Engineer: 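Quick one: the structure is below, questions incoming.
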Amino acid sequence: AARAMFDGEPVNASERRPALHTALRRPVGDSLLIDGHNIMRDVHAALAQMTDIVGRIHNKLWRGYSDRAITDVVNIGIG
Amino acid sequence: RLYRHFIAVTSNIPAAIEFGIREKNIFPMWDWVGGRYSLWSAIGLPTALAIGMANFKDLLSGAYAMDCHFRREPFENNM
Amino acid sequence: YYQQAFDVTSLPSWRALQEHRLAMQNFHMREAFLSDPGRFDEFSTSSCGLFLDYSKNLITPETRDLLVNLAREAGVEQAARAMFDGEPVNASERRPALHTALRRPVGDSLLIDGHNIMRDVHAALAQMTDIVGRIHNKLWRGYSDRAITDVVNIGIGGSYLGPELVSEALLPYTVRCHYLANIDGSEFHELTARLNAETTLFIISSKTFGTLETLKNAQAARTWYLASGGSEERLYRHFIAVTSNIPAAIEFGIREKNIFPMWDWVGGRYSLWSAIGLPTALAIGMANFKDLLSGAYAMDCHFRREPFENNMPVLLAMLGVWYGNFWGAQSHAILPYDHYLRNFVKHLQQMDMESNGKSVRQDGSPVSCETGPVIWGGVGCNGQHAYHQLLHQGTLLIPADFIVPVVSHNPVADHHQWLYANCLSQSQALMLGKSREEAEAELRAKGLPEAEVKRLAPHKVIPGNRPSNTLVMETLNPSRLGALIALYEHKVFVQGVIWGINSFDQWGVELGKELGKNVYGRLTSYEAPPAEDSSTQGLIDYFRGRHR
Amino acid sequence: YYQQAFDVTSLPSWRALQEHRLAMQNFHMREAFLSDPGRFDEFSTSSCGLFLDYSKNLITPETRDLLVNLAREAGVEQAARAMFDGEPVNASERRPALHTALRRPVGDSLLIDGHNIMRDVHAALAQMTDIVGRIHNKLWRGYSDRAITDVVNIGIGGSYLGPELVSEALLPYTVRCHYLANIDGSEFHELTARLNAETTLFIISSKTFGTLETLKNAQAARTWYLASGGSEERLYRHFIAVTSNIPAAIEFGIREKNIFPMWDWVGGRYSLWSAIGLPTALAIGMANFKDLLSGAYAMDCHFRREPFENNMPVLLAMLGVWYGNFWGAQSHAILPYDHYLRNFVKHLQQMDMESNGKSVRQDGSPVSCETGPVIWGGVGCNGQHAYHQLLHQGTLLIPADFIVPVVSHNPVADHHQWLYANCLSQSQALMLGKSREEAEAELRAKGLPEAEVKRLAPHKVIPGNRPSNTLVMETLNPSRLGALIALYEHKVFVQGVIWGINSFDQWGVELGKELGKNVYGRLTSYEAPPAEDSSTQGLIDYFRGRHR
């Protein structure tokens, strides 16, 4: 079962989906093919986007409508 | 000028677009990643904004090491 | 010398030097000093503000005669004439080496292909004067129309080491100058953590405007400026360039009037006298920059006019050839006893090692001797507690070049007297040493028992007979610093002439570049072929198994 | 090994290594890599967060077998047991070398003369924690009752290099720490130009509290504090000391509770783990300092437990012995490809050169081999444009140690990918080289005529076959930096054991001190007797003819 979940098999039988939270932690040298598509490319593209935004905000390079640096990030989300 | 104060982590790019969020500030959400298993993906974007991308990658590396331990160890030493 | 290459080991002077080395096998400098009270007078020389003491060397008057004979037989005088006159001494690249031209005054004319390059030199100098006067008088303003006070030089190699050395050494004559060389993003982050985009002016120093690390750092700086509030149409007030690629700097967004020229005949490691030293002039002023140029010019005149027995560059180069080719010394320590001169060793490393680190002659034939040692060292009075122990009691022959001034710019009680005493004592301990008898006598005077004396004596014995040179100045001003740098440049040139090599090409840096592109493509791409070797492939896999 | 000294060159393993060197004369690493796809796997090892690739070396499996045999025959395992257990391995000074004890946890007990020195270690650690927590929480105040934010370490040698290295390398984990080592008054002036006497706290780091330069700088700092408004009775809040001379620090005006202990069994160059690293703990915190100690302790455990074929310190030391004693390499380059690790080479220079720069064995007999090379190098991607040309195309054999992390603390676009690629490509170009055929083929592909091709080909040829080691980490954190420092400490120890020398005494620094007192007395006094040599006398006269 662990092999199936790590390999991308649709272990979420009710929703007919894979459970690939482990894929989010794999390094750039790992490749996982889901329906013939390498989802690790999506994982690391999202990671690079995350790095870009984090570096922008941390270096005070992100500014609001008054063109002042932002120092309060508020996550609106549940669960 | 709303785009500098609202980014989104979502699978609904059009909805975030009509909210007034730029496409380059919309982070992808995937079906194979469950909500309660998604702190490793762009959902953990605030966390990376607090600890930095190096520490976020360190967290990912620790989770990956645990994945390797789970996959490789015999069940008598599998934590 | 750059057209017809001979074997220097076949010269009669070389064979005479081999025989003299066999004879001098048993030579000890201590005995030469007790048997010759005039040794210092015989083996010291002066040139402008520089004083070279080379008496603490494994030489006799016969040794200096033979070394001067070898310098003459190799054609050092004619080679220096050719280099100073604009002949293509860079045979491999078919270029002249005219770093000396950068220090010539306005009355000097040098024709290269029927064109007076001194006009270019002094036009660049006048442009430098204009920009330095604009910035110093707070007449240069950014995109917020505020005066600039942070000049950041984005450049590597010769665009970084020489200018930074002169900026640090000439601090008592000083707008804050910073340097950004490493492609390591941590250096860029640390630098820009102290910079305001409205206030910082960037000098992009790249010859072809295509150097990987320099272009990456310049692109990062432009992105930082744009994302810090600066506007694209107004970028010109924060980015000037020293380059031979005017169009590239043009599409970067740099005005043509802020583009300083780089010439082929000026090597990168020999270019602190040209517009590459623009940050230095921005820190010390144009008068002090011209004083540095005048000191370098005075050293050039001393090199060209003096007989080889009193020619400081020729004497230093011949001592280096002596120790590296007849005593098997593979390294040369540079010990400047001045806190401002602590970065002298880095520039000396580039200048000497990138130039004389060759294994083919000017025509391409393999060399017949050792050409180019390792340059190392560090600031004085700090290396005594760090690595002078190996100099005193190690098993290696490491010639040392001590550099110290007589006058300190910031005297603190008797600290400079102690610094001078420490430099002199290090040289004297290198030459003298401590024998078994002296160590035993000191232990007995300390009252230790006979068994303890005989146990401790061998460990305290310093062999001595370690050669050293001392360079003394009255003060480290721009003029004497320029003379010092030019003296080491000419020493490197003379050594390269003796070894028959090209001191002005760097062909050993291209393979690393090609392999860097290959390794980067392997690191980033997903389905890449295996690397050429399993070690590079394993390191690529180690990167890929950990990078996110 | 510190009591009975033998001749290492007489060991059968040494003679086997000589025969193997004769056999390996014609060995080329490129051929070994095309003829063995598993070479990287065979010649790489890991330990905690450190990965050592030593496949790009002039070795075969037989070479590693013979080097491990020599390490066993010299008694490296028993010597390491003796050093770790508290035996007086410093035979000349009759002291133990217990820098490893400084990294042991509270559950470890080590009895020296019936006393548990680990109690002292952890009492000092708790004192360090108390002071660091006081200063970090702004609970430490000066004579104006204002919080201190500038900690200045007045110390030289081991009190300066190691702490400053760890402070700079662990910057992403950081009160500002400054260092004042040079007796040069210009350094003191530059330092105090940024300091407020109401705010600066000085740590006087001197073992005997009698070191010339350290005492002079401390006296200058005390005078500066008194003349800047501070009061004598309240001086205690600006001067703490790390010293073995409690009374001297007492009459300086330092409280006994602010005097940190220095022990004889801790050498100066091995003391960044003790209270000497107090400034470092003041910059990174006590948790990160303990993480550094834990990494060093993990490296100690790896050194003590691993077989010599997978023992990273033993492998590095044996490769160094191999190249320095059988291939005639007199220097070793250290190339850290990390901007924060740029000062690694200075501490490595002190650690290696002051320890292994010896020419007598533990019993005092002369050594029978070369013991201790020159350590040099510099920050990565900066030396490629400075001195890697000599590495690629020079005539010297210089083994190189590349150090690079996989993850950057401050990523800037793809700059760290390029840094990693540059490190890997430098190693690969060192191993491979470019032959005449490859250069000619590239020139032909560029379209150059045949005459131009044959003129330019010999100059572009890189010989290759230059050995190198690569040390990789995931990230440069306190733990892995501590492991790296401890690995190099153990490598130095193993090399000193192989050479039969004392790696923990420094007897080559006393003669310079005595001669410094003599030269200072001659410089200052009016009617002084002439110096022992005419060169020192002439330099004294040059000083006297210009000093006012």
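Heavy atoms only: backbone and side chains are in, while hydrogens, waters and symmetry mates are out. Letters A, B, ... mirror the listed sequences (proteins, then strands); counts begin at 1.
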Engineer: Measuring heavy-atom distances to chain D, does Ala439(C) have an atom under 4.5 Å in its side chain, in its backbone, in both, or in neither?
Structural biologist: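 No part of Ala439(C) comes within 4.5 Å of chain D.
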Engineer: Is a side-chain N or O of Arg455(D) found less than 3.5 angstrom from the main chain of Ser92(C), in a donor-acceptor match?
Structural biologist: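 Yes, because the side chain of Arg455(D) sits within donor-acceptor range (under 3.5 Å) of the backbone of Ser92(C).
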Engineer: Can you tell me which portion of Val472(D) sits under 4.5 Å from chain C's heavy atoms? Options are side chain, backbone, both or neither.
Structural biologist: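 Looking at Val472(D), backbone and side chain both touch chain C.
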Engineer: When heavy-atom pairs shorter than 4.5 Å are enumerated against chain C, which of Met351(D), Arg522(D), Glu442(D) gives the highest number?
Structural biologist: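 Top count of heavy-atom pairs under 4.5 Å with chain C: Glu442(D).
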Engineer: If you define the side chain from C-beta out and look only at heavy atoms, does anything of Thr536(D) sit under 4.5 Å from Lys56(C)?
Structural biologist: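 Of all side-chain heavy-atom pairs linking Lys56(C) with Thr536(D), at least one is under 4.5 Å.
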Engineer: Quick check: do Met353(D) and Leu391(C) have side-chain heavy atoms less than 4.5 Å from each other?
Structural biologist: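 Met353(D) does not reach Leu391(C) side chain to side chain.
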Engineer: Which atoms of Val367(C) come close to chain D, meaning under 4.5 Å heavy atom to heavy atom: side chain ones, backbone ones, both, or neither?
Structural biologist: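 For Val367(C), the side chain is the part near chain D, not the backbone.
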Engineer: Just how far is it from atom CG of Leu390(D) to atom CG of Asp352(C), taken to the nearest 0.5 Å?
Structural biologist: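 One gets 8.0 Å once the value is rounded to the nearest 0.5 Å.
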Engineer: Select one option (side chain, backbone, both, neither) describing which atoms of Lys454(C) are under 4.5 Å from chain D's heavy atoms.
Structural biologist: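 When you check distances to chain D, no heavy atom of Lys454(C) falls under 4.5 Å.
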Engineer: Given that the side chain runs from C-beta out, which part of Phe43(C) has a heavy atom under 4.5 Å from chain D: side chain, backbone, both or neither?
Structural biologist: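 Neither part.
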Engineer: Measuring heavy-atom distances to chain C, does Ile183(D) have an atom under 4.5 Å in its side chain, in its backbone, in both, or in neither?
Structural biologist: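 Contact with chain C is through both the backbone and side chain of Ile183(D).
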Engineer: Chain D heavy atoms under 4.5 Å from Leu34(C): which part of the residue, side chain, backbone, both or neither?
Structural biologist: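 Interface part for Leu34(C): neither.
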Engineer: For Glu514(D), is it the side chain, the backbone, both or neither that has a heavy atom under 4.5 Å from a heavy atom of chain C?
Structural biologist: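 Contact with chain C is through the side chain of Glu514(D) alone.
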Engineer: Examine whether an atom of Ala457(D) lies under 4.5 Å from a heavy atom of chain C, and if so say whether it belongs to the side chain, the backbone or both; otherwise answer neither.
Structural biologist: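 Neither part.
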Engineer: Against chain C, work out which of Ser425(D), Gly521(D), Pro530(D), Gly383(D) has the most heavy-atom pairs shorter than 4.5 Å and name it.
Structural biologist: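 Among the listed options, the one with the most contacts to chain C is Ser425(D).
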Engineer: Less than 4.5 Å to any heavy atom of chain D: does that hold for the side chain of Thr470(C), its backbone, both, or neither?
Structural biologist: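 For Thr470(C), side-chain heavy atoms alone lie under 4.5 Å from chain D.
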Engineer: Are side-chain heavy atoms of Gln349(D) and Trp376(C) found at a separation under 4.5 Å?
Structural biologist: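 Yes. Closest side-chain heavy atoms under 4.5 Å.
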Engineer: Is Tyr520(C) close to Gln417(D) at the side-chain level, that is, under 4.5 Å between some pair of heavy atoms?
Structural biologist: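 A side-chain contact under 4.5 Å exists here.
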Engineer: Within the distance-only criterion (no hydrogens, no angle test), does the side chain of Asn182(D) pair as donor or acceptor with the backbone N or O of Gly380(C) below 3.5 angstrom?
Structural biologist: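 Yes.
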Engineer: Where on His547(D) is there a heavy atom nearer than 4.5 Å to chain C: the side chain, the backbone, both, or neither?
Structural biologist: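 Contact with chain C involves both backbone and side-chain atoms of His547(D).
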Engineer: Side chain from CB out, backbone as N, CA, C, O: work out which of these in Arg548(D) comes under 4.5 Å of a heavy atom of chain C, or both, or neither.
Structural biologist: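 Contact with chain C involves the side chain of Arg548(D) alone.
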Engineer: If you apply the rule side-chain hydrogen bond (donor to acceptor under 3.5 Å, both in side chains), what do you find for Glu213(C) with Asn422(D), and how did you get there?
Structural biologist: CA-CA 10 Å; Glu213(C) 300 88 352; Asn422(D) 282 350; 3.1 Å; yes
Engineer: Do you know which of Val412(D), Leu424(D), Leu397(D) has the most heavy-atom pairs with chain C at a distance under 4.5 angstrom?
Structural biologist: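 Highest number of pairs under 4.5 Å: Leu424(D).
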Engineer: Has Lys346(D) got more than 12 heavy atoms of other residues, nucleotides or ligands less than 6.0 Å from its NZ?
Structural biologist: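 Count not over threshold, so no.
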Engineer: Would you mind telling me which of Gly157(D), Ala386(D), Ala429(D) has the largest number of heavy-atom pairs within less than 4.5 Å of chain C?
Structural biologist: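 Of the options given, most contacts go to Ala386(D).
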Engineer: Output yes when a side-chain donor or acceptor of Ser359(C) lies under 3.5 Å from a complementary backbone atom of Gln393(D), and no otherwise.
Structural biologist: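 Checking the backbone N and O of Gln393(D) against the side chain of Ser359(C), a donor-acceptor pair under 3.5 Å is found.
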Engineer: With rounding to the nearest 0.5 angstrom, report the CG to CG distance, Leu523(C) to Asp414(D).
Structural biologist: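 Those atoms lie 11.0 Å apart.
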Engineer: What part of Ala220(C) gets within 4.5 angstrom of chain D, counting heavy atoms only: side chain, backbone, both, or neither?
Structural biologist: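 Interface part for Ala220(C): side chain.
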Engineer: Where does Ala333(D) contact chain C at under 4.5 Å (heavy atoms): side chain, backbone, both or neither?
Structural biologist: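 Neither the backbone nor the side chain of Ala333(D) comes within 4.5 Å of chain C.
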Engineer: Taking all atoms of both residues into account, what is the closest heavy-atom pair of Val509(C) and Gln384(D), and its distance?
Structural biologist: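 Residues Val509(C) and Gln384(D), closest heavy atoms: CG1-O, 3.7 Å.
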Engineer: Which distance, rounded to the nearest 0.5 Å, do you find between the NE2 of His415(D) and the NE2 of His189(C)?
Structural biologist: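 Interatomic distance, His415(D) NE2 to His189(C) NE2, rounded to 0.5 Å: 14.5 Å.
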Engineer: Where does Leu432(C) contact chain D at under 4.5 Å (heavy atoms): side chain, backbone, both or neither?
Structural biologist: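 Only the side chain of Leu432(C) comes within 4.5 Å of chain D.
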Engineer: Out of curiosity, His392(D) NE2 to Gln506(C) CD, how far, rounded to the nearest 0.5 Å?
Structural biologist: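 The CD atom of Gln506(C) is 12.5 Å from NE2 of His392(D), to the nearest 0.5 Å.
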Engineer: Where does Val360(C) contact chain D at under 4.5 Å (heavy atoms): side chain, backbone, both or neither?
Structural biologist: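 Side chain only.
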Engineer: Could you tell me which non-hydrogen atom of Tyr420(D) sits nearest to which non-hydrogen atom of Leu539(C), and how far apart they are?
Structural biologist: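 Reported closest heavy-atom pair: OH-O, 2.8 Å.
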Engineer: Answer with side chain, backbone, both or neither: which region of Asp36(C) has an atom nearer than 4.5 Å to a non-hydrogen atom of chain D?
Structural biologist: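 Contact with chain D involves the backbone of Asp36(C) alone.
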Engineer: Is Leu171(D) in contact with chain C via its backbone, its side chain, both, or neither, using a 4.5 Å heavy-atom distance?
Structural biologist: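 Contact with chain C is through the side chain of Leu171(D) alone.
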Engineer: Need one label for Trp418(C): side chain, backbone, both or neither, based on atoms under 4.5 Å from any heavy atom in chain D.
Structural biologist: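 Both parts, heavy atoms under 4.5 Å.
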Engineer: Taking every non-hydrogen pair under 4.5 Å, which of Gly377(D), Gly508(D), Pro463(D), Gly185(D) racks up the most with chain C?
Structural biologist: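 Most heavy-atom pairs under 4.5 Å with chain C: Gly508(D).
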Engineer: Check whether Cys369(D) gets within reach of chain C through its side chain, its backbone, both or neither, counting any heavy atom under 4.5 Å.
Structural biologist: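 Backbone only.
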Engineer: Can you check whether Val374(D)'s main-chain N or O pairs, donor with acceptor, with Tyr387(C)'s side chain at less than 3.5 Å?
Structural biologist: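 No, the answer is negative, given that no donor and acceptor are paired below the 3.5 Å cut-off.
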Engineer: Can you check whether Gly38(D)'s main-chain N or O pairs, donor with acceptor, with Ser534(C)'s side chain at less than 3.5 Å?
Structural biologist: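 Side chain of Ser534(C) to backbone of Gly38(D), a donor-acceptor pair under 3.5 Å: no, none is there.
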Engineer: For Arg269(C), which atoms come within 4.5 Å of any heavy atom of chain D: side chain, backbone, both, or neither?
Structural biologist: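 It is neither, since no heavy atom gets under 4.5 Å.
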Engineer: Hey, is the main chain of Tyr337(D) close enough, under 3.5 Å, to the side chain of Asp184(C) for a donor-acceptor pair?
Structural biologist: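 The answer is no, because no donor-acceptor pair under 3.5 Å joins these two groups.
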Engineer: Answer yes or no: is there a side-chain heavy-atom contact under 4.5 Å between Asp533(C) and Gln428(D)?
Structural biologist: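 Heavy-atom side-chain distance check passes, below 4.5 Å.
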Engineer: If you apply the rule side-chain hydrogen bond (donor to acceptor under 3.5 Å, both in side chains), what do you find for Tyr340(C) with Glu190(D), and how did you get there?
Structural biologist: CA-CA 10 Å; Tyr340(C) 295 132; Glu190(D) 293 298 317; 3.0 Å; yes
Engineer: How long is the gap from OG on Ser44(D) to OH on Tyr542(C), to the nearest 0.5 Å?
Structural biologist: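 Nearest 0.5 Å value for the OG-OH distance: 10.5 Å.
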Engineer: What are the two closest heavy atoms between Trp507(D) and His459(C), and how far apart are they?
Structural biologist: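 Looking at all heavy atoms of both residues, the closest pair is CB-O, 3.3 Å.
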Engineer: Can you name the closest pair of heavy atoms from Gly328(D) and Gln330(C) and give their distance?
Structural biologist: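 The pair with the smallest heavy-atom distance is O-NE2, 3.3 Å.
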Engineer: Do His385(D) side-chain atoms and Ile156(C) backbone N/O form a donor-acceptor pair below 3.5 Å?
Structural biologist: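 The answer is no, because no donor-acceptor pair under 3.5 Å joins these two groups.
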Engineer: For residues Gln426(C) and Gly512(D), report the shortest heavy-atom separation together with the two atoms involved.
Structural biologist: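 That closest heavy-atom pairing would be NE2-CA, 3.5 Å.
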Engineer: For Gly516(C) and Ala421(D), work out which heavy atoms get closest and say how close.
Structural biologist: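 Of all heavy-atom pairs spanning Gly516(C) and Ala421(D), the closest is O-CB, 3.7 Å.
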Engineer: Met431(C) versus chain D, heavy atoms under 4.5 Å apart: side chain, backbone, both or neither?
Structural biologist: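 Contact with chain D is through the side chain of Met431(C) alone.
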Engineer: Tell me, out of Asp338(D), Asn502(D), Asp41(D), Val404(D), who's got the most heavy-atom pairs with chain C below 4.5 Å.
Structural biologist: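 Top option by heavy-atom pairs under 4.5 Å: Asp338(D).
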Engineer: Is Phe33(C) in contact with chain D via its backbone, its side chain, both, or neither, using a 4.5 Å heavy-atom distance?
Structural biologist: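 Contact with chain D involves the side chain of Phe33(C) alone.
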Engineer: Quick one: does any side-chain atom of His339(D) pair with a main-chain N or O of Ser186(C) as donor and acceptor, under 3.5 Å?
Structural biologist: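 It does not hold such a pair.
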Engineer: Could you measure the distance from the NZ atom of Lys216(D) to the SG atom of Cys381(C)? Nearest 0.5 Å is fine.
Structural biologist: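 Output value for this atom pair is 12.0 Å.
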